[PDB]
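So the structure is just underneath, and the comments pick up after that.
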Amino acid sequence: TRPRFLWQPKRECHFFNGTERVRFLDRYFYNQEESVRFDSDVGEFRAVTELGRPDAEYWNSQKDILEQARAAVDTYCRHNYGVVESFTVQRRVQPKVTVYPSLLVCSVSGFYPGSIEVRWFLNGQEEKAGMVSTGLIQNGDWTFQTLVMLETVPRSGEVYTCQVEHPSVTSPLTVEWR
Amino acid sequence: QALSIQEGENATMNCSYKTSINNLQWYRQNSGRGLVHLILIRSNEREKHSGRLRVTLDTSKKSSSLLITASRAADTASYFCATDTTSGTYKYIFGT
Amino acid sequence: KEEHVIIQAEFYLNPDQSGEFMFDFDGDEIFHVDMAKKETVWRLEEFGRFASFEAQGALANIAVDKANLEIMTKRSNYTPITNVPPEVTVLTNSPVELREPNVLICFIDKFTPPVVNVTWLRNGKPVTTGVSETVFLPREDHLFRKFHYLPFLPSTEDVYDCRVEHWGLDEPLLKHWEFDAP
Amino acid sequence: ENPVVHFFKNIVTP
Amino acid sequence: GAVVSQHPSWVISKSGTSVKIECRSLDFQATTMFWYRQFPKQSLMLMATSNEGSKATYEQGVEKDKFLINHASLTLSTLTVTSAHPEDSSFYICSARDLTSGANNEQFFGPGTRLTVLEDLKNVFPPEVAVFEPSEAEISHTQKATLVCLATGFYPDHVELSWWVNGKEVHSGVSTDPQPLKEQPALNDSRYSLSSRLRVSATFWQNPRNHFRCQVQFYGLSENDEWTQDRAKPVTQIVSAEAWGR
Ligand SMILES: *[C@@]1(O)O[C@H](CO)[C@@H](O)[C@H](O)[C@H]1NC(C)=O
């Protein structure tokens with residue numbers, strides 16, 4: 001129950017359409033507030049608040065500290081991206097789809113990347129209304145999960161089918177229920 | 001075929017490299033040398049100080065060039081540059 | 001398609017004198033170093049067969065974080081960090097099915113400073129072995145996110161609880177889970 | 001062997 | 001900071017031994033270092049990369065077997081060539097990335113080492129140096145006196161020739177021959193000869209005390225090196241020749 005002081009630097013490289021347009025971004029935070037930063041498109045440090053001014057000035061004074069922060073977008077971002085695409089940008093894990101009742105529930109789990117589409121079909125034809133999602137959910141283990149629920153009157157003969165569209169699989173996955 | 005100058009002439013050393021660069025280092029030399037740490041040119045262009053010195057990096061054609069605005073007796077040598085390949089290890093492999 | 005973000009998110013914290021250096025790929029930890037063991041630890045073991053990263057450089061890069069930290073503490077007229085409480089929530093790796101190995105997930109999200117206490121309880125009794133956690137995963141608004149894992153065989157007999165405690169949480173936060181889920 | 005992930009070197013503040 | 005030290009600068013091992021070089025570090029920590037093997041012209045070549053953090057070491061190009069690298073300090077490294085041959089005679093320089101450089105890979109090369117792995121110890125011999133007073137003709141015509149030195153018959157070519165004028169050593173005015181004129185060059189095993197002139201003057205080249213002695217340091221065979229030849233052991237001694245003012 002004693003005060004705590006927090007230095008939170010954040011070097012965040014931003015890639016777009018791969019390496020065709022990168023954007024470095026050095027950002028510092030005393031406790032939770034941004035104080036001084038560096039945008040790769042602003043070509044030099046800038047203080048967002050007072051506490052960073054001095055920092056903003058002194059860095060902008062040293063050629064090194066600027067010849068570097070600028071060289072970031074090439075010698076750090078383009079670099080790392082080149083080292084991790086193989087296993088991250090290209091990572092792909094197939095969804096495990098399950099459907100059980102409650103209200104119908106379609107559960108997609110353990111998939112990656114997080115991009116995904118989950119559709120419901122009632123007797124051959126997509127039902128466009130009456131669905132409740134949960135949104136993407138990271139699990140911290142490099143795999144998201146999400147549940148989509150359809151509210152309906154499970155009448156006899158009817159066949160429900162969950163359709164899951166995901167980069168991990170070539171042709172959408174579908175599981176029928178009943 | 002010679003650096004005619006005890007004062008001025010233009011050093012024209014075209015040092016090339018194979019793998020895409022990140023950092024460019026300049027090392028000209030005598031015999032049994034440690035170095036000549038001139039200056040460092042990292043992916044960009046134009047940084048060359050102290051006169052006979054001129055760092056021109058051109059990723060387009062994968063090659064550098066160190067020019068000397070003023071030769072001397074000391075500036076005659078064996079010169080070459082070293083480079084670290086990107087998205088690789090930290091290894092540096094000199095050129096020619 | 002392919003619009004990504006890689007982050008080097010490190011931090012130092014007085015007076016706890018603790019800190020972490022970790023990389024983030026669109027919100028997932030690629031790896032991190034422990035000022036504690038001075039060993040870099042990839043999130044997905046495998047990654048360590050594709051890339052290398054000597055630990056020191058991080059530790060090294062931390063020292064400067066303390067130095068700078070202090071320097072900023074003063075320059076700020078010794079103002080302390082305003083505590084923000086965690087927002088716990090209990091998850092299950094996949095849908096639970098009896099006798100089918102699974103995994104309870106304690107999701108500690110949206111808090112700060114990066115200091116917490118998590119405790120797994122299977123019927124009041126706390127669990128000490130077999131559990132696992134993430135470092136302090138960085139958020140967009142600059143707070144912190146954390147994950148605690150407790151694998152288990154699903155059953156109705158026993159139940160579980162995640163007990164998170166934070167310097168912004170008056171009383172220990174307590175979450176329940178019992179073979180079932182909304 | 002194995003490509004190395006570079007880390008942005010921390011600089012000292014005023 | 002930055003500094004580098006390859007212990008055995010000039011080392012001599014019989015064609016078949018084990019010469020071990022120790023790339024060390026200054027006041028910086030080196031998680032990784034490198035060993036480059038250069039010769040007369042060819043640009044410095046990378047032999048291998050060595051890095052603590054148990055990770056083994058990565059021999060480059062193909063050079064594969066012998067020459068074992070043992071990095072353990074994160075300070076030190078070590079390059080022990082195995083066996084030996086008169087083809088492995090080249091320059092050995094080593095760098096050492098500053099563990100904190102991070103991006104901007106910052107390395108710092110060492111002085112270097114010339115391994116003299118001769119086929120037979122019967123080819124060595126050190127040299128003796130002697131001074132040479134200026135001509136009464138030069139001291140007049142120019143008012144300057146070019147005192148000239150030279151050494152006779154050393155091997156290996158290992159010499160730190162210094163000019164200590166009037167006690168302490170001074171390096172303002174010297175000139176030492178770049179390459180040697182091996183006694184009998186056209187002949188394979190000719191010893192080497194190197195000359196150096198010390199023009200100082202200031203009406204002192206011929207004055208009272210002035211004591212200046214030409215100097216030569218010779219890197220002699222290792223203590224643990226085999227020596228059967230009758231002629232004295234070519235140890236790593238310092239030969240000197242002195243001269244006074246007139
Ligand atoms: C954890 O840090 O929370 C408490 C509040 O700061 C702290 O005193 C203690 O070290 C930890 N809690 C437990 C139960 O270990």
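So you can find residues: chains in the structure tokens are A, B, ... in the order shown, residues in each start at 1, and ligands are numbered from 1 in order.
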Could you list, as a compact mmCIF listing (two decimals) with N, CA and C atoms, in the first residue's frame, all protein and nucleic acid residues with an atom at most 12 Å from ligand 1, counting only C-alpha atoms and all ligand atoms?
# COMPACT_ATOMS: atom_id res chain seq x y z
N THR A 1 0.86 -1.22 0.00
CA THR A 1 0.00 0.00 0.00
C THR A 1 0.88 1.25 0.00
N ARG A 2 2.00 1.15 -0.71
CA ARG A 2 2.97 2.23 -0.84
C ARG A 2 3.01 2.67 -2.30
N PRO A 3 3.19 3.97 -2.56
CA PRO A 3 3.24 4.47 -3.93
C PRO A 3 4.26 3.74 -4.83
N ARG A 4 3.93 3.65 -6.11
CA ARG A 4 4.77 3.00 -7.11
C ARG A 4 4.98 3.93 -8.31
N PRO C 15 8.65 1.07 -6.03
CA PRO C 15 9.85 0.56 -5.37
C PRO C 15 10.05 -0.96 -5.43
N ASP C 16 9.24 -1.65 -6.23
CA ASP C 16 9.35 -3.11 -6.32
C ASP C 16 10.62 -3.58 -7.01
N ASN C 83 -3.46 3.96 -9.08
CA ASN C 83 -3.88 2.57 -9.24
C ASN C 83 -5.18 2.39 -10.02
N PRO C 113 -0.69 -0.70 -11.53
CA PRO C 113 0.60 -1.05 -12.12
C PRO C 113 0.71 -2.57 -12.31
N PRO C 114 1.72 -3.01 -13.06
CA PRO C 114 1.97 -4.42 -13.34
C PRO C 114 2.36 -5.26 -12.14
N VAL C 115 1.47 -5.35 -11.15
CA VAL C 115 1.74 -6.15 -9.95
C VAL C 115 0.45 -6.75 -9.46
N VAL C 116 0.43 -8.07 -9.31
CA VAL C 116 -0.80 -8.75 -8.88
C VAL C 116 -0.53 -10.05 -8.15
N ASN C 117 -1.60 -10.61 -7.59
CA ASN C 117 -1.55 -11.88 -6.89
C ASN C 117 -2.75 -12.73 -7.31
N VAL C 118 -2.43 -13.86 -7.93
CA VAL C 118 -3.44 -14.77 -8.43
C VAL C 118 -3.38 -16.08 -7.68
N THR C 119 -4.54 -16.62 -7.33
CA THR C 119 -4.57 -17.88 -6.61
C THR C 119 -5.74 -18.78 -6.99
N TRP C 120 -5.41 -19.98 -7.49
CA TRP C 120 -6.40 -20.97 -7.92
C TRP C 120 -6.92 -21.79 -6.75
N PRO C 126 -6.37 -24.08 -2.18
CA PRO C 126 -5.63 -23.43 -3.25
C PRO C 126 -4.78 -24.45 -3.99
N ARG C 163 -8.69 -16.14 -7.57
CA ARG C 163 -8.64 -15.04 -6.62
C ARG C 163 -7.55 -14.06 -6.99
N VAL C 164 -7.97 -12.94 -7.57
CA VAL C 164 -7.05 -11.89 -7.98
C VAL C 164 -7.11 -10.82 -6.90
N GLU C 165 -5.95 -10.26 -6.57
CA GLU C 165 -5.83 -9.21 -5.56
C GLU C 165 -5.02 -8.05 -6.14
N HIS C 166 -5.54 -6.82 -6.08
CA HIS C 166 -4.81 -5.68 -6.61
C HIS C 166 -4.87 -4.38 -5.80
N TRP C 167 -3.79 -3.60 -5.86
CA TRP C 167 -3.71 -2.34 -5.14
C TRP C 167 -4.70 -1.31 -5.67
N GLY C 168 -5.90 -1.76 -6.01
CA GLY C 168 -6.91 -0.85 -6.53
C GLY C 168 -8.20 -1.56 -6.26
N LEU C 169 -8.01 -2.76 -5.74
CA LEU C 169 -9.08 -3.66 -5.38
C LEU C 169 -9.10 -3.64 -3.86
N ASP C 170 -10.15 -3.05 -3.28
CA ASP C 170 -10.28 -2.95 -1.82
C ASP C 170 -10.21 -4.33 -1.16
N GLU C 171 -11.03 -5.25 -1.65
CA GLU C 171 -11.05 -6.61 -1.13
C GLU C 171 -10.67 -7.55 -2.27
N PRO C 172 -9.98 -8.65 -1.95
CA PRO C 172 -9.58 -9.60 -2.99
C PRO C 172 -10.75 -9.90 -3.93
N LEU C 173 -10.49 -9.80 -5.23
CA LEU C 173 -11.50 -10.07 -6.23
C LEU C 173 -11.59 -11.59 -6.35
Name the residues of region 3-175 of chain A that come out as helix (DSSP H, G or I) in a backbone DSSP run; write them as a PyMOL selection string. chain A and resi 18-20+50-61+64-87
Selection near region 1-12 of chain D, 8 Å with only C-alpha atoms, sequence-local residues under 6 positions removed, as a JSON list (two decimals) with N, CA, C and O atoms, in the first residue's frame:
[["chain", "number", "residue", "atom", "x", "y", "z"],
["A", 11, "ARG", "N", 8.26, 0.50, -27.96],
["A", 11, "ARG", "CA", 8.77, 0.62, -29.32],
["A", 11, "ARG", "C", 7.82, -0.21, -30.16],
["A", 11, "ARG", "O", 7.87, -1.44, -30.13],
["A", 65, "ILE", "N", 21.32, 9.69, -31.27],
["A", 65, "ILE", "CA", 19.97, 9.44, -30.80],
["A", 65, "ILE", "C", 18.87, 9.82, -31.81],
["A", 65, "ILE", "O", 17.70, 9.59, -31.57],
["A", 72, "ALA", "N", 15.36, 3.40, -37.48],
["A", 72, "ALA", "CA", 14.56, 2.34, -36.92],
["A", 72, "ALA", "C", 13.82, 1.58, -38.01],
["A", 72, "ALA", "O", 14.12, 0.42, -38.30],
["A", 76, "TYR", "N", 15.40, -2.10, -37.80],
["A", 76, "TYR", "CA", 14.81, -2.73, -36.63],
["A", 76, "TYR", "C", 13.48, -3.40, -37.00],
["A", 76, "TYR", "O", 13.31, -4.60, -36.82],
["A", 79, "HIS", "N", 13.66, -5.45, -40.18],
["A", 79, "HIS", "CA", 14.52, -6.54, -39.74],
["A", 79, "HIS", "C", 13.71, -7.60, -39.04],
["A", 79, "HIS", "O", 13.56, -8.71, -39.54],
["A", 80, "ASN", "N", 13.22, -7.27, -37.86],
["A", 80, "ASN", "CA", 12.44, -8.22, -37.08],
["A", 80, "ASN", "C", 11.32, -8.86, -37.90],
["A", 80, "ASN", "O", 11.15, -10.09, -37.89],
["A", 83, "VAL", "N", 12.30, -11.64, -39.55],
["A", 83, "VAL", "CA", 12.66, -12.80, -38.74],
["A", 83, "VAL", "C", 11.48, -13.57, -38.18],
["A", 83, "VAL", "O", 11.58, -14.77, -37.91],
["B", 87, "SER", "N", 17.98, -9.23, -41.08],
["B", 87, "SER", "CA", 17.17, -10.36, -40.69],
["B", 87, "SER", "C", 18.01, -11.61, -40.70],
["B", 87, "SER", "O", 17.58, -12.69, -41.09],
["B", 88, "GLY", "N", 19.25, -11.43, -40.26],
["B", 88, "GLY", "CA", 20.20, -12.52, -40.17],
["B", 88, "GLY", "C", 20.79, -12.52, -38.77],
["B", 88, "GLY", "O", 20.10, -12.19, -37.80],
["B", 89, "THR", "N", 22.06, -12.91, -38.66],
["B", 89, "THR", "CA", 22.71, -12.91, -37.36],
["B", 89, "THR", "C", 23.42, -11.57, -37.26],
["B", 89, "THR", "O", 23.13, -10.66, -38.04],
["B", 90, "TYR", "N", 24.33, -11.42, -36.31],
["B", 90, "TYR", "CA", 25.04, -10.16, -36.21],
["B", 90, "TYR", "C", 26.35, -10.22, -37.01],
["B", 90, "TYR", "O", 27.13, -9.28, -36.97],
["C", 8, "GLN", "N", 7.87, -3.93, -28.75],
["C", 8, "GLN", "CA", 8.90, -4.19, -27.76],
["C", 8, "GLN", "C", 8.35, -3.40, -26.58],
["C", 8, "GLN", "O", 8.45, -2.18, -26.54],
["C", 49, "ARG", "N", 13.30, -22.11, -32.21],
["C", 49, "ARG", "CA", 14.04, -22.92, -33.17],
["C", 49, "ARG", "C", 14.11, -22.12, -34.44],
["C", 49, "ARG", "O", 14.73, -22.55, -35.41],
["C", 50, "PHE", "N", 13.46, -20.96, -34.44],
["C", 50, "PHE", "CA", 13.41, -20.09, -35.61],
["C", 50, "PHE", "C", 14.09, -18.76, -35.45],
["C", 50, "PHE", "O", 14.50, -18.14, -36.43],
["C", 51, "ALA", "N", 14.21, -18.31, -34.20],
["C", 51, "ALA", "CA", 14.83, -17.02, -33.91],
["C", 51, "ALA", "C", 15.63, -17.06, -32.63],
["C", 51, "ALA", "O", 15.34, -17.84, -31.73],
["C", 52, "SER", "N", 16.63, -16.20, -32.55],
["C", 52, "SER", "CA", 17.48, -16.13, -31.38],
["C", 52, "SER", "C", 17.45, -14.72, -30.82],
["C", 52, "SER", "O", 17.24, -13.75, -31.55],
["C", 53, "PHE", "N", 17.64, -14.63, -29.50],
["C", 53, "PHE", "CA", 17.65, -13.34, -28.83],
["C", 53, "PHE", "C", 18.33, -13.46, -27.48],
["C", 53, "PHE", "O", 17.72, -13.93, -26.52],
["C", 57, "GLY", "N", 20.98, -8.22, -23.46],
["C", 57, "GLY", "CA", 20.47, -7.04, -24.13],
["C", 57, "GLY", "C", 19.18, -6.52, -23.53],
["C", 57, "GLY", "O", 18.93, -5.32, -23.57],
["C", 58, "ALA", "N", 18.35, -7.40, -22.98],
["C", 58, "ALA", "CA", 17.10, -6.95, -22.39],
["C", 58, "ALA", "C", 17.43, -6.43, -21.01],
["C", 58, "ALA", "O", 17.12, -5.29, -20.67],
["C", 61, "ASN", "N", 19.02, -3.42, -21.37],
["C", 61, "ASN", "CA", 18.04, -2.43, -21.75],
["C", 61, "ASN", "C", 17.10, -2.07, -20.60],
["C", 61, "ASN", "O", 16.34, -1.10, -20.69],
["C", 64, "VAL", "N", 18.85, 0.78, -17.91],
["C", 64, "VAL", "CA", 18.56, 2.12, -18.37],
["C", 64, "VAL", "C", 17.12, 2.47, -18.00],
["C", 64, "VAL", "O", 16.82, 3.63, -17.75],
["C", 65, "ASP", "N", 16.24, 1.48, -17.95],
["C", 65, "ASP", "CA", 14.85, 1.76, -17.61],
["C", 65, "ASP", "C", 14.73, 2.23, -16.16],
["C", 65, "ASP", "O", 13.91, 3.09, -15.85],
["C", 67, "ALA", "N", 17.33, 3.59, -14.26],
["C", 67, "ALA", "CA", 17.98, 4.89, -14.32],
["C", 67, "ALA", "C", 16.95, 5.92, -14.77],
["C", 67, "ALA", "O", 16.59, 6.82, -14.01],
["C", 68, "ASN", "N", 16.46, 5.77, -16.00],
["C", 68, "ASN", "CA", 15.47, 6.70, -16.51],
["C", 68, "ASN", "C", 14.28, 6.79, -15.56],
["C", 68, "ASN", "O", 13.80, 7.87, -15.27],
["E", 57, "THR", "N", 28.19, -22.78, -31.71],
["E", 57, "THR", "CA", 29.07, -21.86, -32.40],
["E", 57, "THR", "C", 28.82, -22.19, -33.81],
["E", 57, "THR", "O", 28.52, -23.32, -34.13],
["E", 58, "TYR", "N", 28.93, -21.18, -34.65],
["E", 58, "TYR", "CA", 28.62, -21.41, -36.04],
["E", 58, "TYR", "C", 29.76, -21.14, -37.00],
["E", 58, "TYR", "O", 30.01, -20.00, -37.40],
["E", 100, "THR", "N", 24.91, -4.71, -25.65],
["E", 100, "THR", "CA", 23.82, -3.78, -25.47],
["E", 100, "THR", "C", 23.48, -2.93, -26.71],
["E", 100, "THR", "O", 22.45, -2.25, -26.76],
["E", 101, "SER", "N", 24.32, -3.00, -27.74],
["E", 101, "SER", "CA", 24.07, -2.26, -28.96],
["E", 101, "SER", "C", 22.60, -2.42, -29.35],
["E", 101, "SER", "O", 21.93, -1.46, -29.70],
["E", 102, "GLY", "N", 22.11, -3.65, -29.29],
["E", 102, "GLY", "CA", 20.74, -3.94, -29.68],
["E", 102, "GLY", "C", 20.68, -3.91, -31.20],
["E", 102, "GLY", "O", 21.29, -4.75, -31.87],
["E", 103, "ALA", "N", 19.94, -2.95, -31.75],
["E", 103, "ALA", "CA", 19.88, -2.78, -33.19],
["E", 103, "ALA", "C", 21.25, -2.19, -33.37],
["E", 103, "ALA", "O", 22.09, -2.35, -32.49]]
Could you list, as a PyMOL selection string, every residue within 6 Å of residue 99 (chain E), counting only C-alpha atoms and ignoring same-chain residues fewer than 5 positions away? (chain C and resi 57) or (chain E and resi 29-31)
Residues of chain A within 12 Å of chain D, counting only C-alpha atoms - could you list those as a JSON list (two decimals) with C-alpha atoms, in the first residue's frame?
[["chain", "number", "residue", "atom", "x", "y", "z"],
["A", 7, "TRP", "CA", 8.51, 3.69, -16.61],
["A", 8, "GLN", "CA", 6.65, 2.25, -19.61],
["A", 9, "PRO", "CA", 8.59, 2.53, -22.84],
["A", 10, "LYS", "CA", 7.02, 1.11, -25.99],
["A", 11, "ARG", "CA", 8.77, 0.62, -29.32],
["A", 12, "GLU", "CA", 5.96, -0.29, -31.70],
["A", 13, "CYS", "CA", 6.71, -0.95, -35.38],
["A", 24, "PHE", "CA", 8.38, 3.16, -36.22],
["A", 25, "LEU", "CA", 6.99, 4.76, -33.09],
["A", 26, "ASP", "CA", 9.02, 5.07, -29.94],
["A", 27, "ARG", "CA", 6.68, 5.90, -27.05],
["A", 28, "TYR", "CA", 7.45, 6.57, -23.39],
["A", 35, "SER", "CA", 5.29, 11.87, -22.02],
["A", 36, "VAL", "CA", 7.64, 11.96, -25.00],
["A", 51, "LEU", "CA", 7.49, 15.77, -18.29],
["A", 52, "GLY", "CA", 8.97, 14.79, -21.66],
["A", 53, "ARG", "CA", 10.08, 18.14, -23.05],
["A", 54, "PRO", "CA", 13.60, 17.97, -21.63],
["A", 55, "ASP", "CA", 13.73, 14.42, -22.98],
["A", 56, "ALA", "CA", 12.42, 15.66, -26.30],
["A", 57, "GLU", "CA", 15.06, 18.39, -26.47],
["A", 58, "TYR", "CA", 18.11, 16.41, -25.40],
["A", 59, "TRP", "CA", 17.42, 13.59, -27.81],
["A", 60, "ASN", "CA", 16.77, 16.00, -30.63],
["A", 61, "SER", "CA", 20.15, 17.49, -29.80],
["A", 62, "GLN", "CA", 22.21, 14.30, -30.10],
["A", 64, "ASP", "CA", 23.21, 9.64, -32.75],
["A", 65, "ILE", "CA", 19.97, 9.44, -30.80],
["A", 66, "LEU", "CA", 18.23, 10.74, -33.93],
["A", 68, "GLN", "CA", 19.19, 5.92, -34.80],
["A", 69, "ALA", "CA", 15.52, 6.54, -34.02],
["A", 70, "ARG", "CA", 15.13, 7.36, -37.70],
["A", 71, "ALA", "CA", 17.07, 4.32, -38.93],
["A", 72, "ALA", "CA", 14.56, 2.34, -36.92],
["A", 73, "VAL", "CA", 12.04, 1.71, -39.67],
["A", 74, "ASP", "CA", 14.70, -0.10, -41.63],
["A", 75, "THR", "CA", 17.25, -1.57, -39.28],
["A", 76, "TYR", "CA", 14.81, -2.73, -36.63],
["A", 77, "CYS", "CA", 11.24, -3.13, -37.95],
["A", 78, "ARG", "CA", 11.92, -4.40, -41.49],
["A", 79, "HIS", "CA", 14.52, -6.54, -39.74],
["A", 80, "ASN", "CA", 12.44, -8.22, -37.08],
["A", 81, "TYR", "CA", 9.45, -8.63, -39.37],
["A", 82, "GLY", "CA", 11.83, -10.48, -41.62],
["A", 83, "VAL", "CA", 12.66, -12.80, -38.74],
["A", 84, "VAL", "CA", 9.21, -13.54, -37.43],
["A", 85, "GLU", "CA", 6.91, -13.61, -40.48],
["A", 86, "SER", "CA", 7.73, -17.27, -40.92]]
Run DSSP on the backbone and give me the residues of region 51-238 of chain E it puts in strand (DSSP E or B), as number ranges by chain. E: 51, 58-59, 69, 79-80, 91-95, 114-116, 128-129, 146-152, 154, 159, 163-164, 176, 192, 195-199, 212-218, 238
Quick one: write out the picked residues with N, CA and C atoms as a short mmCIF file (atom, residue, chain, number, x, y, z; two decimals), in the first residue's frame?
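out_11.cif, written as the output of this step:
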data_model
loop_
_atom_site.label_atom_id
_atom_site.label_comp_id
_atom_site.auth_asym_id
_atom_site.auth_seq_id
_atom_site.Cartn_x
_atom_site.Cartn_y
_atom_site.Cartn_z
N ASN E 51 29.51 -17.74 -29.40
CA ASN E 51 28.69 -17.02 -28.45
C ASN E 51 28.29 -17.80 -27.23
N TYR E 58 28.93 -21.18 -34.65
CA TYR E 58 28.62 -21.41 -36.04
C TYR E 58 29.76 -21.14 -37.00
N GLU E 59 30.45 -22.22 -37.35
CA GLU E 59 31.57 -22.21 -38.28
C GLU E 59 30.99 -21.80 -39.64
N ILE E 69 36.71 -23.40 -31.09
CA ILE E 69 36.24 -22.20 -30.39
C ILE E 69 35.51 -22.46 -29.09
N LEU E 79 40.34 -19.52 -29.38
CA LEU E 79 40.43 -20.19 -30.66
C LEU E 79 41.66 -21.06 -30.67
N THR E 80 41.48 -22.35 -30.43
CA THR E 80 42.61 -23.28 -30.42
C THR E 80 42.68 -24.03 -31.73
N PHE E 91 46.68 -13.97 -40.76
CA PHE E 91 46.36 -13.05 -39.69
C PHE E 91 45.04 -13.47 -39.06
N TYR E 92 44.95 -13.33 -37.74
CA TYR E 92 43.75 -13.71 -37.03
C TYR E 92 43.23 -12.58 -36.18
N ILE E 93 42.20 -11.91 -36.68
CA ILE E 93 41.57 -10.79 -35.97
C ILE E 93 40.20 -11.24 -35.46
N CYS E 94 39.77 -10.65 -34.34
CA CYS E 94 38.48 -10.98 -33.73
C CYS E 94 37.70 -9.75 -33.26
N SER E 95 36.39 -9.77 -33.49
CA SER E 95 35.52 -8.68 -33.07
C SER E 95 34.68 -9.14 -31.88
N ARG E 114 49.49 -12.99 -35.57
CA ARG E 114 50.12 -13.64 -36.72
C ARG E 114 50.74 -14.94 -36.21
N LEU E 115 50.10 -16.05 -36.53
CA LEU E 115 50.60 -17.34 -36.09
C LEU E 115 51.68 -17.80 -37.04
N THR E 116 52.90 -17.88 -36.51
CA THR E 116 54.05 -18.31 -37.29
C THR E 116 54.28 -19.80 -37.05
N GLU E 128 70.29 -8.37 -34.24
CA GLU E 128 70.95 -7.44 -33.34
C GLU E 128 70.96 -6.09 -34.06
N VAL E 129 70.60 -5.03 -33.34
CA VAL E 129 70.57 -3.70 -33.93
C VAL E 129 71.71 -2.83 -33.41
N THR E 146 70.32 13.15 -39.60
CA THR E 146 69.51 11.95 -39.75
C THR E 146 70.27 10.73 -39.23
N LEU E 147 70.02 10.36 -37.98
CA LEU E 147 70.66 9.19 -37.37
C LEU E 147 69.89 7.98 -37.91
N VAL E 148 70.60 6.96 -38.39
CA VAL E 148 69.93 5.79 -38.97
C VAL E 148 70.17 4.45 -38.29
N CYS E 149 69.09 3.69 -38.08
CA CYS E 149 69.19 2.37 -37.44
C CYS E 149 68.91 1.24 -38.42
N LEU E 150 69.08 0.01 -37.94
CA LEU E 150 68.88 -1.16 -38.77
C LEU E 150 69.12 -2.38 -37.88
N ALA E 151 68.51 -3.51 -38.23
CA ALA E 151 68.66 -4.76 -37.47
C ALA E 151 69.23 -5.85 -38.39
N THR E 152 69.83 -6.89 -37.82
CA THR E 152 70.41 -7.93 -38.66
C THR E 152 70.10 -9.40 -38.34
N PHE E 154 66.66 -11.50 -38.17
CA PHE E 154 65.65 -12.08 -37.28
C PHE E 154 64.59 -12.93 -37.97
N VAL E 159 58.88 -7.67 -34.40
CA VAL E 159 59.65 -6.58 -33.82
C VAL E 159 58.90 -5.27 -33.56
N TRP E 163 62.28 4.15 -30.62
CA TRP E 163 63.33 5.16 -30.56
C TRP E 163 63.27 5.99 -29.29
N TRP E 164 64.07 5.59 -28.30
CA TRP E 164 64.10 6.29 -27.02
C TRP E 164 65.23 7.30 -26.95
N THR E 176 60.21 3.70 -40.30
CA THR E 176 60.64 2.31 -40.38
C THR E 176 60.17 1.61 -41.65
N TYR E 192 65.22 -11.70 -42.06
CA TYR E 192 64.73 -10.39 -42.49
C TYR E 192 65.53 -9.20 -41.97
N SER E 195 65.25 -1.27 -41.66
CA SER E 195 65.97 -0.04 -41.32
C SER E 195 65.05 1.12 -40.95
N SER E 196 65.53 1.99 -40.06
CA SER E 196 64.76 3.15 -39.60
C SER E 196 65.67 4.33 -39.29
N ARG E 197 65.31 5.50 -39.80
CA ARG E 197 66.10 6.71 -39.58
C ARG E 197 65.40 7.64 -38.57
N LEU E 198 66.18 8.29 -37.72
CA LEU E 198 65.63 9.20 -36.70
C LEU E 198 66.20 10.62 -36.78
N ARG E 199 65.75 11.38 -37.77
CA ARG E 199 66.20 12.76 -37.94
C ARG E 199 65.48 13.64 -36.93
N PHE E 212 70.68 8.35 -26.98
CA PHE E 212 69.57 7.69 -27.71
C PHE E 212 69.97 6.31 -28.16
N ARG E 213 69.16 5.32 -27.82
CA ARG E 213 69.45 3.95 -28.19
C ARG E 213 68.37 3.37 -29.10
N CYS E 214 68.78 2.85 -30.25
CA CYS E 214 67.84 2.23 -31.17
C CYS E 214 67.33 1.01 -30.41
N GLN E 215 66.08 0.62 -30.64
CA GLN E 215 65.55 -0.54 -29.93
C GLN E 215 64.76 -1.49 -30.81
N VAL E 216 64.76 -2.77 -30.43
CA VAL E 216 64.05 -3.81 -31.16
C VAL E 216 63.53 -4.89 -30.20
N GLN E 217 62.23 -5.16 -30.26
CA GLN E 217 61.63 -6.20 -29.43
C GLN E 217 61.38 -7.38 -30.36
N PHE E 218 61.77 -8.58 -29.93
CA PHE E 218 61.60 -9.76 -30.76
C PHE E 218 60.74 -10.81 -30.07
N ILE E 238 64.83 -8.44 -25.86
CA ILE E 238 64.89 -7.08 -26.41
C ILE E 238 66.33 -6.66 -26.67
#
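Once residue 128 (chain A) and its same-chain neighbours fewer than 2 positions away are set aside, residues 118, 119, 120, 121, 122, 125, 126, 130, 131, 132, 150 and 151 of chain A remain within 12 Å of it when counting only C-alpha atoms.
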Compile the contact shell of residue 143 (chain E) as a count of residues only: residues with an atom at most 9 Å away, counting only C-alpha atoms, same-chain residues fewer than 4 positions apart removed. 5
Would you compute the distance between CA of residue 13 (chain E) and CA of residue 237 (chain E)? Give it in Å to one decimal.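 So the answer is 17.8 Å.
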